[PDB]
């Protein structure tokens, strides 16, 4: 593979996303700053109007996601860890409009809040993804309070589906059911750090860290239980009943030795035809890029890229130019451009 370093000096960068044409791409730095990067002008100063964040541990500014109609609307969504009280925190999502001069994020407002706020530093999740009709999917961690992922009245360990405005879709699975949060798409998740739309099936796919082993890839179905913490391939965990539990869904694919899955992008560009129908996932702990070959919904091969570089891969996006774009997670974090051939 070909690697070009586009930018360095990003403090613990977490998310990136492309603006249309040649407008560049946005990057979050977890301490709490939003940046714009462009081919010709380099890295912008911090964009004004970003919310205050809970920058403890794993928390801070998390995902940046332009709206599907950003070209018309210039709307930008952000996820972030939002402080509560008692020293605790929880995930939040809002949007604002990027100025036409790219300098400030105006009118930013929270449209969704994880409740209750149980995190003291870990397991916010935070990945966002739009499906084909523009519903917003929000992957939420269980905030390190394991059992709450199963509790139907708590937004811990939940994949959430909302409208573009953050309202509850009238046909969400638990709408009008007592003791169940109507935002919820699927439950039983641990700490999801990958979320992406399969461009061939239209299904949202998800992946999450397991506890000391047991990283998983799932295709989350509405109303279904993904096991945590009753079912796990990690290690056993107190509440765990095994690797398989009736009434809970098995992962699509799992790793007994956890690479530290972070970020995920399906490759559909034509620049590198060998890469089409592949799913690319970052590995934090094993410091490499994972490439899964797909046959429909089946994983038929696992390959490793970039393991010689020694960089924790936090983010993976498939660019409209046909290249992969990555973020590396350290204090001198980098934006990398990656191709297959020459």
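Positions refer to the first chain, counted from 1.
According to the entry, the deposited sequence has 4 to 9 residues without coordinates between residue 235 and residue 236.
As listed in the deposited structure, the average C-alpha B-factor of 158 to 166 and of 241 to 249 is greater for 241 to 249. When the C-alpha B-factors of 40 to 48 and 311 to 319 are averaged, 40 to 48 comes out higher. Highest CA B-factor among 215, 131, 206, 101, as stated in the entry: 101. Of all the options 282, 66, 32, 273, the entry's greatest CA B-factor is assigned to 273. Ranked by Cα temperature factor within the chain, residue 228 sits in the highest third according to the deposited record.
When all modelled residues of the chain are sorted by CA temperature factor, residue 266 is found within the lowest third. Placement of the Cα temperature factor of residue 295 within the chain: highest third of the modelled residues, per the deposited record.
Per the PDB record, residue ranking by Cα B-factor puts residue 20 in the highest third of the chain.
The PDB entry assigns residue 74 a C-alpha temperature factor belonging to the middle third of its chain's modelled residues.
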